[PDB]
Student: 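For reference, the structure I am asking about is given below.
For reference, positions follow the sequence shown, starting with 1. The basis for the numbers below is simple: all heavy atoms, side chains too, and nothing from hydrogens, waters or symmetry mates.
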Amino acid sequence: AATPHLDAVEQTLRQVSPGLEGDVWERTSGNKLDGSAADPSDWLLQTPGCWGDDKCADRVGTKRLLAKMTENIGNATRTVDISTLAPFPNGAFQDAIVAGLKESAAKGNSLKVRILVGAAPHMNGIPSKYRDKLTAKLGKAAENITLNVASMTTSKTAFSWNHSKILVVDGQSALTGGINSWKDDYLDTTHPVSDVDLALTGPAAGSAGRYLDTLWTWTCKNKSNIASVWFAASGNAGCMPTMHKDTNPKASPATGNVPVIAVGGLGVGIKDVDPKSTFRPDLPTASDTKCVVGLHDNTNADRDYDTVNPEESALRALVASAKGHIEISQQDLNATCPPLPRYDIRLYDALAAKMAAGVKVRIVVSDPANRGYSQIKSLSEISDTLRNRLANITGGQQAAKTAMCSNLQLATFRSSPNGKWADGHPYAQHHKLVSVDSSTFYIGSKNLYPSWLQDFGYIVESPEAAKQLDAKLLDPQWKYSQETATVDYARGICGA
């Protein structure tokens, strides 16, 4: 009632995944967005944060991101819990992990540390190499660290492996979002990828620790299978499937008044169904999402998939909860087909339903001149799909186009007046961001394009924070990206 958007999302998740509540999704109270006293919006760990400058000279976002990683790890007294997408962290990302671990050891703490990566699935030396490079860099600081490093694959055929990007310390602080720890794409480049994480503290960090325990329980159970897991630990130490449960309080301490829903997914190959779920939604009217007939579509044609991937439903419910306006910032809304279907039909249906009811929708995606950081040739692949789904509920193609052009902003990303970076490379973006009503927003790793992965993120209902998100990210993004719009209701642009 103070939280109408989370209330609706929560009702949906209890129907979709009741057996996973607490572990793969969880509502908590008493959190805090963990910004500094000088610049309270800097819980919003955007990168590079160089708005207006095609040379990206002053990367205030990158600097804050690396500093906050180092700070949070250096405050650890018991545990550091990291997940990411392979390759393992390098460059200044690695440097921030090493500095933080050195700081916690210097303060006299003995830590347990897990570092989990997903990778495509042959004697694989990458995990042990990373373990040994990290230990060498830590030197004497490594002596009281109990370390686990692993690369995991849960389904080769569904391209399923961990893509979550989480950093949890002591079960108390959590950093999560879209940022992979890849120096060449994010840092040492004059065309850095634009992306975003958030920093919070409170009970919701425990939700992330329970999600990581779920992934590590599977990983440890499969650690003797090379097709599934390559594992390396320090000294005689064993695999830690439940480090969070065993080391941190089940109820993380309160730090603020912010309500949060944590939500993730198990992809394919960990658990095939939530046997407690009895939810059986209607299938959507027919679409052209599946480019090829023999593809098994987990996104649009597999009920049990949803029950172990509550995040898809959570994002669709977040869209359905909007009363006034929705802003989406993604790498892509569509996936490359094959082997994935091109789009989430129910997602586009939810966006259509909102535009038919006069709720405004903004979608900003990465420039197709990147297609790596794009999976479409043209924005018309998004507008055509929105139009066709609108036609089903507005009576036809003419009315569909009118509804779309009256309620849509659709564009490719820019962060300065230039159509490309000064170095000639197109802008790439990689956020996984949804905001509604200047009230409630998702920041995490789950892309809106079809994807069958282990992902994770937070849905936060706080108008104060959402307004900060507008001023610091969504408003500058639109200032520069609107130039590329093919549809823009606010300017009567209807090129599509």
Side-chain angles (χ1 to χ4, degrees), residues 8-20 24-25 155 157-160 263-269 271-322 326 328 332-357 359 361 381-397 399-400 403-404 434 446-453 455:
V9 173
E10 173 184 22
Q11 292 207 326
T12 291
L13 299 181
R14 196 167 286 117
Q15 291 219 88
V16 173
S17 306
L20 309 190
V24 183
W25 71 274
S155 174
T157 53
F159 294 90
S160 194
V263 65
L266 294 185
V268 178
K271 183 177 175 153
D272 39 69
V273 66
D274 173 8
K276 299 189 180 180
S277 183
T278 56
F279 193 52
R280 313 232 158 227
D282 291 8
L283 291 176
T285 293
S287 77
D288 62 353
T289 190
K290 209 167 67 168
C291 63
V292 287
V293 299
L295 300 180
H296 177 78
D297 178 352
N298 296 123
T299 301
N300 303 297
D302 191 316
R303 180 261 177 188
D304 288 355
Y305 170 90
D306 280 302
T307 73
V308 291
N309 285 280
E311 57 188 355
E312 270 84 343
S313 291
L315 287 161
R316 296 188 292 248
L318 176 60
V319 169
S321 75
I326 300 155
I328 289 165
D332 283 293
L333 232 47
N334 295 3
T336 294
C337 186
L340 279 289
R342 288 200 292 109
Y343 55 90
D344 180 335
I345 308 167
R346 285 176 283 182
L347 175 66
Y348 273 81
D349 280 341
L351 293 166
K354 286 289 160 177
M355 285 187 283
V359 174
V361 172
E381 297 174 48
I382 296 169
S383 56
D384 284 347
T385 307
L386 288 168
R387 185 192 67 241
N388 289 338
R389 302 319 284 188
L390 272 165
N392 292 166
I393 56 172
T394 57
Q397 288 282 321
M404 184 172 71
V434 179
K446 177 55 170 180
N447 297 288
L448 287 179
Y449 66 77
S451 49
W452 305 327
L453 323 166
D455 277 309

Student: Applying side chain to side chain contact (heavy atoms under 4.5 Å, CB included) to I326 and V319, what does each step give before you reach the verdict?
Tutor: CA-CA 7 Å; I326 300 155; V319 169; 3.9 Å; yes

Student: Just by distance, do the side chain of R389 and the backbone of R346 share a donor-acceptor pair under 3.5 Å?
Tutor: no

Student: Between atom CG of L351 and atom CD1 of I382, what is the distance when rounded to the nearest 0.5 Å?
Tutor: 10.5 Å

Student: Do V263 and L13 come close enough that some side-chain heavy atom pair is under 4.5 Å?
Tutor: yes

Student: Identify the two heavy atoms, one from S313 and one from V16, that lie closest to each other, and give their separation to 0.1 Å.
Tutor: OG-CG2, 3.8 Å

Student: Does some side-chain heavy atom of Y348 sit less than 4.5 Å from a side-chain heavy atom of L333?
Tutor: yes

Student: Ignoring hydrogens and geometry beyond distance, is a side-chain donor-acceptor pair present between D297 and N300 at under 3.5 Å?
Tutor: yes

Student: Can you tell me how far apart OG1 (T12) and CH2 (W25) are? Round to the nearest 0.5 Å.
Tutor: 9.5 Å

Student: Counting distance only, does the side-chain N/O of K290 pair as donor-acceptor with the main-chain N or O of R342 below 3.5 Å?
Tutor: no

Student: State, to 0.1 Å, how close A335 and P341 come at their nearest heavy-atom pair, and which atoms those are.
Tutor: CB-O, 3.5 Å

Student: Would you compute the distance between atom CG of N388 and atom CG of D288 and round it to the nearest 0.5 angstrom?
Tutor: 6.5 Å

Student: Between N298 and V268, does a side chain to side chain contact (heavy atoms under 4.5 Å, CB included) hold up when you go through it step by step?
Tutor: CA-CA 9 Å; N298 296 123; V268 178; 4.0 Å; yes

Student: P310 and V308: which non-hydrogen atoms are nearest, and at how many Å?
Tutor: CD-C, 3.4 Å

Student: Got a second to check how far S277's OG is from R14's CZ, nearest 0.5 Å?
Tutor: 12.5 Å

Student: Is the backbone of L318 close enough, under 3.5 Å, to the side chain of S321 for a donor and an acceptor to pair up by distance?
Tutor: yes

Student: Can any side-chain N or O of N309 pair as donor or acceptor with the backbone N or O of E311 at less than 3.5 Å?
Tutor: no

Student: Between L266 and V24, is any pair of side-chain heavy atoms under 4.5 Å apart?
Tutor: yes

Student: Are any side-chain N or O atoms of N334 and backbone N or O atoms of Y343, one a donor and one an acceptor, separated by less than 3.5 Å?
Tutor: no

Student: Are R316 and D344 ion-paired here, with the side-chain N under 4.0 Å from a carboxylate O?
Tutor: yes

Student: Please determine whether the number of non-hydrogen atoms from other residues, nucleotides or ligands lying under 6.0 Å from atom CD of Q397 exceeds 12.
Tutor: yes

Student: Under a 3.5 Å distance rule, please check whether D302 uses its side chain to pair with a backbone N or O of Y305 as donor and acceptor.
Tutor: yes

Student: Kindly say whether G264 contributes a backbone atom to a donor-acceptor pair with the side chain of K446 at under 3.5 angstrom?
Tutor: no

Student: Can you name the nearest heavy-atom pair linking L390 to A352, along with the distance?
Tutor: CD2-O, 3.3 Å

Student: Would you check, one step at a time, whether the test side chain to side chain contact (heavy atoms under 4.5 Å, CB included) holds for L20 with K271?
Tutor: CA-CA 11 Å; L20 309 190; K271 183 177 175 153; 3.5 Å; yes

Student: Might you point out which heavy atoms bring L340 and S451 nearest each other, and give the distance in Å?
Tutor: CD1-N, 4.1 Å

Student: Could you tell me whether a side-chain N or O of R303 sits under 3.5 Å from a main-chain N or O of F279, the two making a donor and an acceptor?
Tutor: yes

Student: Okay, side chain of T385, backbone of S383: is any donor-acceptor separation there less than 3.5 Å?
Tutor: no

Student: For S160 versus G267, what's the shortest heavy-atom pair and its separation?
Tutor: OG-CA, 3.6 Å

Student: Enter the distance from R387:CZ to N392:CG here, rounded to the nearest 0.5 Å.
Tutor: 11.5 Å

Student: For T307, is there any backbone N or O sitting under 3.5 Å from a side-chain donor or acceptor partner on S17?
Tutor: yes

Student: For the OG1 atom of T299 and the CD1 atom of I345, what is their distance to the nearest 0.5 Å?
Tutor: 9.0 Å

